[PDB]
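Protein chains in written order, with our numbering: chain R, 772 to 1333; chain G, 2 to 262; chain E, 717 to 757; chain U, 23 to 153; chain P, 898 to 1063.
Scroll down for the structure; my scribbles are underneath it.
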Amino acid sequence: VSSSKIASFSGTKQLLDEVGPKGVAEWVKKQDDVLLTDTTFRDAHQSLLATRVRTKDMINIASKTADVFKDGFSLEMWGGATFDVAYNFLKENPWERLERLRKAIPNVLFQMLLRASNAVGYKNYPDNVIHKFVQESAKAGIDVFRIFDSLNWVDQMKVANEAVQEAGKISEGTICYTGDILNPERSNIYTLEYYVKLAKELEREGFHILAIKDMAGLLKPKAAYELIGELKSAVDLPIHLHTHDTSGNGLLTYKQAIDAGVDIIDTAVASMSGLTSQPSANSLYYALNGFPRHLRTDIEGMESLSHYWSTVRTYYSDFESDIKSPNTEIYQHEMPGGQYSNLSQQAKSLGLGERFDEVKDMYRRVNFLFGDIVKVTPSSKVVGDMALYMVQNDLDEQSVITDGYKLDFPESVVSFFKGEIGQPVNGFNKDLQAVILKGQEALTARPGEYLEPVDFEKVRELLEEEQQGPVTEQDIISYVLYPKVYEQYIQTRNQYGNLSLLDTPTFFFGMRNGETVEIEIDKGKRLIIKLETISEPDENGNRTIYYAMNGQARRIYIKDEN
Amino acid sequence: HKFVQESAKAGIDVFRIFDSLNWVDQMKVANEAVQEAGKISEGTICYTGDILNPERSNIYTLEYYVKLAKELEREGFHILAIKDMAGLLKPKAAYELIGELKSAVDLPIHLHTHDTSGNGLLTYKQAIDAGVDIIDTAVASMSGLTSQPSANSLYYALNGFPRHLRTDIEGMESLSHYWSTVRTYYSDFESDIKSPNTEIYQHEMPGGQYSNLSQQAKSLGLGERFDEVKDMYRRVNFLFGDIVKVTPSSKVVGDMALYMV
Amino acid sequence: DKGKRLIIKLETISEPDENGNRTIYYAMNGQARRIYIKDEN
Amino acid sequence: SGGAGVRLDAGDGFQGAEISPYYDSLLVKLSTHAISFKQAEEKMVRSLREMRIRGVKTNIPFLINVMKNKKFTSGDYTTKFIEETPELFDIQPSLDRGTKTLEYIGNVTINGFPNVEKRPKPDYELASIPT
Amino acid sequence: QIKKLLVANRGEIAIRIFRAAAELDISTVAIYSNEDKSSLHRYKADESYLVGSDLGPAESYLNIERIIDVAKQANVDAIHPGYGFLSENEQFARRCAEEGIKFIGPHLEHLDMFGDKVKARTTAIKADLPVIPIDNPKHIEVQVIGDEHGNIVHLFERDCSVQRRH
Ligand SMILES: O=CCCCC[C@@H]1SC[C@@H]2NC(=O)N[C@@H]21
Ligand SMILES: [Mn+2]
Ligand SMILES: [Mn+2]
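Here is the structure:
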């Protein structure tokens, strides 16, 4: 779609400019139609393709997405696993993704998923790291921050909320769904009144939008009716539903939440949707025909977007999961997202592949052992690691106490009982906890409290001394989040440059003889590379590559690794 | 006759009888064979068009199906079957269609759909509120996309709603796991489809057809203009006067579409 | 001949092509030089 | 080429261009320059004789053959020149040793020698040759 | 006052002009046909655009309309046609000025003044030079460079008498 045409659209982006965060929410509330947030750029491929999708594949349909989602509520396109992965595996800069997309899709709000304690990081950070990250993310184009917490501990959500409010952007306060409100015997704790009392709380904390995060796709169709009906009379906040289709019940849940008055839902493009992804927006659009509320979208554009991602998804087939059918066992174990697969590719690497059965079974039990907890990253990693360990050592609800003194529990568990991931809803069994800590003290306050503020001065002078000189705010905050992984990006970038410009089949597979490949640099100016031949190896094992780059004959030397 | 008799004898109890153009006069012969064999005769209506949408057809209306159902009740089928061979039955439509027929005819209603749009389950949900007696499902690992909607899924989907599926889920998860492995032996034969697809509503190709018809479009020279074949398949439907599409009628339209591009 | 002589480096020979022809890359008296060899069987 | 009096304007030729049948084939524009006209001619012929273009035929020899011609050196020439000078077309290909020898080595390297088994190539005593 | 320059051409004259342009500190655009994806001249400018997938080998450099978008797309404000496609063409020239783009050739009236045969003949007689009917002929031509200010020098002659029919 032409940039001229895109320059003329007004959507939720320029709404935020004119009326501010409280004005956007107000305006969500008055819409009859269900508004949609597309998740193709984050959660769709985070679930289906190990977060591997590359900027280049997104940049390519950005102008079509700007047109197609013009009436969307937001594009969820940053956060989750995408920061780390981009730097680490794709060896590309997730800030360049943010800013290049920002320019191409000027019209629709940008959403990211922001974990309360540590943003997008992997450990715990002092408060001035959270603030720095949100300052810079907002500057770079993020408009809606979906602040969530692994354990639904509200105290841990405040710092991020403050940041977003200061940035003048939209904070969504997230509740994560577990248990089953349809079933009194599932749980005492995770009852309908518990969600109400916690909605009512996030609202007193100033969040503009309320999000129900159903991360293990556990929210049954009727429960979605009940839950959203109660929340809508319990609070003034627009409600924004997020779920996964892993049970195969994603659409029905979305339908029911719609009958019950939900404001925004998260869907994906068809080709990128379903099973562990979100339910398909293309399907829902048709599913609502002849019911009271309509999905606000362009299906013709969506069918066209889906065709694009059909082909691109092909580029990523080495990263597909085994999962090829819905799974209703999730209702028993509650394994959020990918985990079920991330955790069998791991039970095999330990000669347990043959009894992932008993592992599925221990996961559930462990959950009640740790006193019934919300299982998103990283609490799902705590529960998983404990299940592996406990199957492998032939362990018991009782053996874990009796024999705990000599036991040696996986780090991620000691760290949960130490308070380092926050406080569960139901506390810690004190005896379970003693036997795992083996003496060390638990935290009282939220983890971040205990942390020396970071000194960005020292970081800047360390990067400038390492790199040539001139270093930016994004660089500095990136390094604080991912020290090792950031340094590995610079080294890679010195050796090889800006690789996010290659297309994906070239980035993963290289080229073949006779192949010619164009790399777009600017508008109208591309690197034309064609491979004449590959030689045999010299004495010190170097093969010589014979290119014709931009017509010019050219010769490169690569050490063969065998 | 010789086939129904032998079939009965050998253990078949329920015959679902359909015609590829919904021509009742062509079903009477198999029905008489089934009646004579003391077995259950299921009278199939194939769904096309789209009864929510008056623009779609003056012909395939709620009234066409009601009329067609009573005619089947008169020839003495014991069950009424709705074959949604392409999964064209949108949720609200199933609710409305099962409604009418439950007050039109004293026949139990048996519903068969395919999950190719992604809405299969939603359809069954809706038909169930409308009074429907039997639905077609498959185990989870054998379901989805161009197959039936998942029995396991439907089971938990209906928690808190008035009716429920009469089945054993824990047994189903077991069935599911077994087939999940077996499916593996058959990988060389796996559909190319991996997504739900709502263009189904515009071109109406049944079952797997739109990937066979895409093989074929490539094995010629039209892979790039497959968008033109989908379009011709549609137009060729109206050219032929707007017809039901199941084997072998759907091949006719596919064959014609190939020919015309 | 007397004080004129050919200096040839064979740098690489390529995998063949449909037409059935290998490409030999040489250097000859200071020149890049490419040659097409038909490959019988 | 290059050097005194030579000017070159790139056309289609380089490295390993394919030239196509779609456009006027022009590989290089070659101009030369001196104070004498003869001197510019003998400059042209130097330069023409330097060029190596391989993989395609070219018009170099014809061009050499107009340059060398007394009746073009004389200056007194009319647009009837080429038509009433038939011997411009008298073109011997010389025994381009270099090319031929690469063809032979290539051929043997790939398809071996008749009566001779494919082994690791000798010249395998560093005892050189008494003289 | 020319910030960037598109050449409606290929090959030597394209390269030639690209170089002139580089010398005057001017950003340059090249156009190519599908058959010229790897022609030298595509490489020797700063900017390169396809005249369009659907345009054949001959057409690419002769589509007045299509060339001019490439132009407007690249914020270009001058085109040099070189020689031998649209360099003599009356319509292409007219089009350029219309789109705001400066045609590097003579004025609009010159092209059809000289482009037709029968009309050239009239022009010359209006400034009287010779014409009517050719033994041992010599082909002689005179280079002229005039500005837009009635200052018009000549750069002496050449001698193109060495030819085969065309
Ligand atoms: O087919 C084998 C490769 C060709 C080698 C040609 C050489 S030239 C001298 C001798 N005479 C021939 O007939 N072949 C070899
Ligand atoms: Mn999620
Ligand atoms: Mn069927």
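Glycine residues also receive a C-beta, built at the ideal position from the N, C-alpha and C atoms.
Residue(s) in a DSSP beta bridge with residue i
i: residue 1038/P; result: 1055/P
i: residue 977/P; result: 904/P
i: residue 725/E; result: 743/E
i: residue 1313/R; result: 1330/R
i: residue 47/G; result: 84/G
i: residue 944/P; result: 926/P
i: residue 1043/P; result: 1049/P
i: residue 1133/R; result: Looking at the DSSP assignment, residue 1133/R forms no beta bridge with any residue, so it has no partner.
i: residue 42/G; result: 16/G
i: residue 1000/P; result: 976/P
Whole-angstrom C-beta distance between residue j and residue i, which should lie under 8 angstroms
i: residue 807/R; j: residue 1036/R; result: 6 angstroms
i: residue 170/G; j: residue 133/G; result: That pair is no contact at about 20 angstroms.
i: residue 275/G; j: residue 44/G; result: Given that chain G is displayed from residue 2 to residue 262, the structure contains no residue 275/G and the question cannot be resolved.
i: residue 790/R; j: residue 941/R; result: Between residue 941/R and residue 790/R the Cβ distance is about 11 angstroms, and since that is not below 8 angstroms, they are no contact.
i: residue 251/G; j: residue 210/G; result: 6 angstroms
i: residue 1076/R; j: residue 830/R; result: Actually they are not in contact, since the Cβ atoms of residue 1076/R and residue 830/R sit about 14 angstroms apart, beyond 8 angstroms.
i: residue 997/P; j: residue 910/P; result: Actually they are not in contact, since the Cβ atoms of residue 997/P and residue 910/P sit about 24 angstroms apart, beyond 8 angstroms.
Minimum Cβ-Cβ distance from residue i to chain P less than 7 angstroms
i: residue 835/R; result: no
i: residue 850/R; result: no
i: residue 24/U; result: no
i: residue 146/U; result: no
i: residue 32/U; result: yes
i: residue 1295/R; result: yes
i: residue 59/U; result: no
7 angstroms Cβ cutoff, residue i in contact with chain U
i: residue 723/E; result: no
i: residue 920/P; result: no
i: residue 956/P; result: no
i: residue 1037/P; result: no
i: residue 912/P; result: yes
i: residue 908/P; result: yes
i: residue 1040/P; result: no
i: residue 1059/P; result: yes
Cβ-heavy atom distance, residue i to ligand 5, below 6 angstroms
i: residue 137/U; result: Looking at this structure, you won't find ligand 5 anywhere; what it does contain is ligand 1, ligand 2 and ligand 3.
is_contact[residue i, chain G] using C-beta, thresh 7 angstroms
i: residue 1129/R; result: no
i: residue 1079/R; result: no
Residue environment, residue i, which counts as buried when at least 16 other CB atoms sit within 10 Å
i: residue 1017/R; result: buried
i: residue 57/U; result: exposed
i: residue 1249/R; result: buried
i: residue 1133/R; result: buried
i: residue 261/G; result: exposed
i: residue 993/P; result: buried
i: residue 1057/P; result: exposed
C-beta neighbour in chain R for residue i, strict 7 angstroms
i: residue 109/G; result: no
i: residue 945/P; result: yes
i: residue 174/G; result: yes
Residue-level contact to chain E via CB, residue i, 7 angstroms cutoff
i: residue 133/U; result: yes
i: residue 1287/R; result: no
Check your understanding: Going along the segment 85-107 of chain U in order, which residues come within less than 8 angstroms of chain P, judged by CB to CB distance?
Key -> 88, 94, 99, 100, 101, 102, 103, 104 and 105
Practice item. With 9 angstroms as the limit, tell me which residues of the segment 945-974 of chain R have their beta carbon closer than that to any beta carbon of chain P; keep them in chain order. Key: none
**Study point:** Proximal residues, the segment 1313-1331 of chain R versus chain E, C-beta separation under 8 angstroms
**Key:** 1315, 1317 and 1324
Review point. What residues from the segment 1092-1113 of chain R come within 8 angstroms of chain G, judged by C-beta to C-beta, listed N to C?
Key: 1095, 1096, 1097, 1098, 1099, 1100 and 1102
Point to revise | Contact list for the segment 117-131 of chain G against chain R, Cβ threshold 7 angstroms | key: 118, 119, 120, 122, 123 and 126
Exercise for review: Please list the residues of the segment 71-96 of chain G that have a C-beta atom closer than 8 angstroms to any C-beta atom in chain R, keeping them in chain order.
Suggested key: 91, 92, 93 and 94
Exercise for review: Residues of the segment 111-129 of chain U with a CB closer than 8 angstroms to any CB of chain E: list them in chain order, please.
Suggested key: 119, 120, 123, 124, 125, 127, 128 and 129
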